[PDB]
J.: 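One structure, pasted below without further comment.
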Amino acid sequence: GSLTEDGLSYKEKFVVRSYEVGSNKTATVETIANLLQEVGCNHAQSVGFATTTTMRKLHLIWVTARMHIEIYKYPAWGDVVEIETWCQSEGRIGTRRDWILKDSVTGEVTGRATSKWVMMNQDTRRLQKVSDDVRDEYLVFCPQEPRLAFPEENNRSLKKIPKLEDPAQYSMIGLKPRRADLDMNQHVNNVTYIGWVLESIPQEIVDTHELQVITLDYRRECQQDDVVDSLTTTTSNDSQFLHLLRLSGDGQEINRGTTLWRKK
Amino acid sequence: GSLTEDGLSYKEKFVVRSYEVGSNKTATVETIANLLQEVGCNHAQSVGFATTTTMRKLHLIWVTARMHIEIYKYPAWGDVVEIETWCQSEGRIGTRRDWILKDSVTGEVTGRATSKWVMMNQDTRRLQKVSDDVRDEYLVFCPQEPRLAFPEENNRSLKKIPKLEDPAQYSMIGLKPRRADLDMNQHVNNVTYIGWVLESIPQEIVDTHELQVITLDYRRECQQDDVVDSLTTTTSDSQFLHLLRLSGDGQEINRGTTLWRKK
Ligand SMILES: C[C@@H]1CCCCN1C(=O)c1cnccn1
Ligand SMILES: C[C@@H]1CCCCN1C(=O)c1cnccn1
């Protein structure tokens, strides 16, 4: 992996490993998300980092508020995927990270992703607008003119997701994180929520369709000892679903989202 | 990755990715096992496969009966691990696959593993013992003189594991496989059982110790709709006896032992 010539984006090639392919005989949505995270971490490392020394001082961290992924073609075991990632400031609202996924052999775009990140105090969990000092620290590593993975004036990455109404059409109850679902900082990995949302999609859809689009809003972190319920209702050749992740007990919302699936 | 000069073993280098590192700030036992599987798959592919066309006709598959892993040093995020793997016939009993893990920079052995594989009919689930026809087709890819990752005459990898007696000292109940725990053939992958066994190790041990040895016996496959209980009792460095069983009838799926060293 390496930063591109202008030092304003990073590119890396990844082989799809055997343990990364699912029932569909190709990489899963979760494998794609894992690869997006890995290329994002390597980009931040290549420029001396997520947190600047000013953020560490004030106990501030970047947290994902929204993730939007669209896949046109899933790579098979042994295929090489080339991913280009970059960051951009969004004024005082937060930061955005975008990705372009390509087939290494054909050079064609096989997927694209975008994510909204907000600033939060690590301890109190209180969100805050980006200060001017923090803004200038990461602006030197970002393109100045807007560069969007989803440029379109009325695309699907900026749609507001409604809250699922009870009764849900489908559900998967009592989902618990395992010790493997935790990262280096003992927190539940953002990829785990993608898996949990897909747990309540009916088996028939999983067997005959491929996920084309996924939009996921993050509302609350799930602790190691929390239990989650995954809820899904069809909202629609193509199937659409509205999703809701909530705590098994009090029903406190942790995530909401939408998925769009295409017939194999 | 590539086969070595004699074509009797395969070597590959792997970078440890960010999503592969755990609470310990290093690769997990599950990440190591995933890397062993990947290098094993690439070795079978490099020689045209690990079912031969004769096994395919008769509906026979190789199944793991025992897995034994020993880790001396866990790689950190971004570290490159070099793994060498090879196979060997064990008469009519089955096959063995061994691995040697090395640090790419220092060349030192950071871990080693061994596994016993038995022949089974994928439909009836019946053990069948290895035929003579299926032997001459895989012996051409195996070293002829014995080559053992664990050579020591009666060491840790060949110790019989006893069955845990109730009440268990520790337990983690209601463990269900997710759709991500299934492989390309819709089966629960063998790495998932390693995770489930480690779920009942006390948090105190996990936070202050590193796993040094793991021996896991496979008795029954867990289906997508099965629920499992993970049981652990200290038998002692800390040693544990483990048992995975179905949440309902208590039907055994796995038994094992772990040895942990203070960080
Ligand atoms: C059906 C699989 C199995 C795991 C659960 C969901 N899946 C995916 O993430 C996927 C993979 N490829 C295409 C579309 N979706
Ligand atoms: C404690 C971690 C966290 C995940 C569950 C078990 N662990 C390991 O697999 C491990 C064990 N020893 C050293 C490094 N990692």
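What's counted below: heavy atoms across the whole structure, side chains too, no hydrogens, waters or symmetry copies. Each chain gets a letter, A, B and so on, in the order its sequence line appears, and its residues count up from 1.
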J.: Select, from B:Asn42, B:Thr28, B:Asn24, the one with the greatest count of heavy-atom pairs under 4.5 Å involving chain A.
T.: B:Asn42
J.: Does any heavy atom of chain A fall under 4.5 Å from the side chain of B:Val206, the backbone, both, or neither of them?
T.: side chain
J.: Among side-chain atoms of B:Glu38 and A:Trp77, is any donor-acceptor pair under 3.5 angstrom?
T.: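 Yes, side-chain donor-acceptor contact under 3.5 Å.
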J.: Return the option, out of B:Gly195, B:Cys41, B:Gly40, with the maximum number of heavy-atom pairs under 4.5 Å with chain A.
T.: B:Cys41
J.: Looking at A:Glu30 and B:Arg179, does any basic side-chain N land under 4.0 Å from a carboxylate oxygen?
T.: no
J.: Measuring heavy-atom distances to chain A, does B:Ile201 have an atom under 4.5 Å in its side chain, in its backbone, in both, or in neither?
T.: both
J.: Sort B:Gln203 into side chain, backbone, both or neither according to what part of it lies under 4.5 angstrom from a heavy atom of chain A.
T.: both
J.: Answer yes or no: does atom CZ of A:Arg220 have more than 12 heavy-atom neighbours from other residues, nucleotides or ligands under 6.0 Å?
T.: no
J.: Let me know if B:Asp181 has heavy atoms under 4.5 Å from chain A in its side chain, its backbone, both or neither.
T.: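 Only the side chain of B:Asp181 comes within 4.5 Å of chain A.
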J.: Can you confirm whether B:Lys176 is buried at NZ, in the sense that more than 12 heavy atoms of other residues, nucleotides or ligands lie under 6.0 Å from that atom?
T.: yes
J.: Please tell me if the side chains of A:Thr26 and B:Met184 come closer than 4.5 Å, counting only heavy atoms from C-beta onward.
T.: no
J.: Are the side chains of A:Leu35 and B:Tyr19 in contact, using a 4.5 Å heavy-atom criterion?
T.: yes
J.: Step through the shown structure and confirm whether more than 12 heavy atoms of other residues, nucleotides or ligands are within 6.0 Å of NZ on A:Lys264.
T.: yes
J.: Which region of B:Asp183, side chain (C-beta onward) or backbone (N, CA, C, O), has a non-hydrogen atom less than 4.5 Å from a non-hydrogen atom of chain A, or is it both or neither?
T.: backbone
J.: Can any side-chain N or O of B:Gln186 pair as donor or acceptor with the backbone N or O of A:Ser23 at less than 3.5 Å?
T.: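 No.
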J.: Verify, without hydrogens or angle tests, whether A:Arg178 (side chain) and B:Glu199 (backbone) share a donor-acceptor contact under 3.5 angstrom.
T.: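 Looks like no, no N/O pair under 3.5 Å.
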J.: For A:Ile173, does the CD1 atom have more than 12 heavy-atom neighbours from other residues, nucleotides or ligands under 6.0 Å away?
T.: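 Check passes, neighbour count above 12.
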J.: For A:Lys102, look at atom NZ and say whether over 12 heavy atoms of other residues, nucleotides or ligands are found less than 6.0 Å away.
T.: no
J.: Tell me, for A:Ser230 versus chain B, whether the close heavy atoms (under 4.5 Å) come from the side chain, the backbone, both or neither.
T.: neither
J.: Is any side-chain heavy atom of A:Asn185 closer than 4.5 Å to a side-chain heavy atom of B:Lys25?
T.: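 No, every pair of side-chain atoms sits at 4.5 Å or beyond.
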